[PDB]
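The structure under discussion appears below in the form of structure tokens.
We place every Cβ from the backbone using ideal geometry, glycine too, and count neighbours over all the protein chains shown. Only the coordinates and a few stated rules stand behind these numbers; no lab work does.
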Ligand code: HEM
């Protein structure tokens, strides 16, 4: 459908772990990034790769794994050890298959949230639940980069949100069939699930320390759009002649908040303002099925107008409960950003303005 899973939502269910043997040379590099970056063999190993056709990647899962593999390699190749020694040309033997794969998957040829979070995970025991203790990531960049903590916690927020995402059909079916009580129950379940997601968000502190995130992991997630270190973007050698700019991987590429924004008729993409066009641009970095889901939601009849049109205090309360959960999420998120980015940096104003603009736009949608 829209590739939304009942259990893990926008996350990729049961991600593939191994590529065909044909790609062993890719997988070896991706699996040893900490060693290869530290020693400085990473770039040589990439430059020594044979050109591997993407023709042996024939299903969505192996394609997604391949994207994850090539994306991590590309971040490691471009940024190296992360202290200004960058590469402006991605060698053809990575760039061509990476760009061809990206075109088939309709994603930009850069590491994105849907790679390093949504597809970058495994259960330790398939017969145990989705808890941090029973989960791991598939790839990290450096020892101590907190990639396991940051990726898995993001993933757990996605999984928590899946419980709210799966009731969205009930919301639109209830409006259609004029089932006031069903609609009211649905909105209350969404708010309650979004509240649960806020509590999962607290696990960031349990598994990410700010020093490692800001000074290590953030480097490998950085992109080449408006980046002075790559002012023209990256050359994808043998695929496009001129360099192209793409933003880096970020939980800001998640579909979770945008999903409930559009659900509730919060028009975050309205206007020419910088917050709107950023959130619009981020959609290009989401899997196409999830882009299409967001667009289908915007085309559905408005939940907000339905609620505003019925003189029904219980419905307005349920709806506001959803808006307030979103506001609460964004408020907590501002704290996280302060802790993981603002303080480590000063030891910027645009970033906090952007986030406050989005929370305020959410807050304005309150009926009370
Ligand atoms: C250490 C933890 C985190 C940090 C430092 C962080 C950082 C940021 C930053 C810098 C932005 C601005 C947009 C950008 O530069 O890409 C952003 C926006 C955003 N982030 Fe986070 N993030 C963290 C965790 C999360 C998690 C776990 C989620 C959701 C699963 C998330 C969801 C979002 C969303 C949806 C936006 C878009 C703004 C909005 O809708 O309010 N973030 N984040």
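Just give me the residues in segment 227-251 being over 21 Å from the mean Cα position of the chain (by Cα), part of a helix (DSSP H, G or I) and either loosely packed, with under 15 Cβ neighbours inside 10 Å or near the ligand (Cβ under 9 Å from one of its atoms) (or both), in sequence order.
228, 229
Condition test on residue 361, is it near the ligand (Cβ under 10 Å from one of its atoms), under 25 Å from residue 309 (Cα atoms) and surrounded by 12 or more Cβ atoms within 10 Å (Cβ to Cβ)?
So residue 361 fits the description; yes.
Kindly check whether there is at least one residue in segment 33-45 that is part of a helix (DSSP H, G or I), under 16 Å from residue 119 (Cβ atoms) and out of contact with any helix residue (DSSP H, G or I) (no Cβ under 8 Å at 6 or more places or on another chain). Before the answer, list the steps.
To start, the set of residues in segment 33-45 that are part of a helix (DSSP H, G or I) comprises 33-39, 42-45.
Those left that are additionally under 16 Å from residue 119 (Cβ atoms): none.
Checking segment 33-45: not a single residue is part of a helix (DSSP H, G or I), under 16 Å from residue 119 (Cβ atoms) and out of contact with any helix residue (DSSP H, G or I) (no Cβ under 8 Å at 6 or more places or on another chain).
Considering (1) buried (at least 18 other Cβ atoms within 10 Å of the Cβ); (2) farther than 22 Å from residue 152 by Cβ, say which one residue 65 fails and leave the rest.
(2)
Of all helices (runs of 4 or more DSSP H) completely enclosed by segment 78-192, which ones contain at least 1 residues that are within 16 Å of the ligand (Cβ to nearest atom) and surrounded by 17 or more Cβ atoms within 10 Å (Cβ to Cβ)? Spell out how you get there, then give the answer.
Numbers: elements: 92-105, 113-116, 147-165, 168-176.
Filter on segment 78-192 gives 113-116, 147-165.
Out of the residues in segment 253-288 that are assigned to a helix (DSSP H, G or I) and surrounded by fewer than 16 Cβ atoms within 10 Å (Cβ to Cβ), which is farthest from the ligand (Cβ to nearest atom)?
From segment 253-288, those assigned to a helix (DSSP H, G or I) are 253, 256-263, 274-283, 288; that's our starting set.
Filter again for surrounded by fewer than 16 Cβ atoms within 10 Å (Cβ to Cβ), leaving 274, 277, 280-281, 288.
On the way: 274: 11, 277: 13, 280: 12, 281: 10, 288: 19 Å.
Per the stated criteria, the residue is 288.
So residue 354 passes all but one of these: (1) within 16 Å of the ligand (Cβ to nearest atom); (2) part of a loop (DSSP other than H, G, I, E, B). Which condition number does it fail?
Exception for residue 354: condition (2).
For segment 210-226, give me each residue that is within 12 Å of the ligand (Cβ to nearest atom), surrounded by 15 or more Cβ atoms within 10 Å (Cβ to Cβ) and assigned to a loop (DSSP other than H, G, I, E, B).
Selection gives 222, 223, 225.
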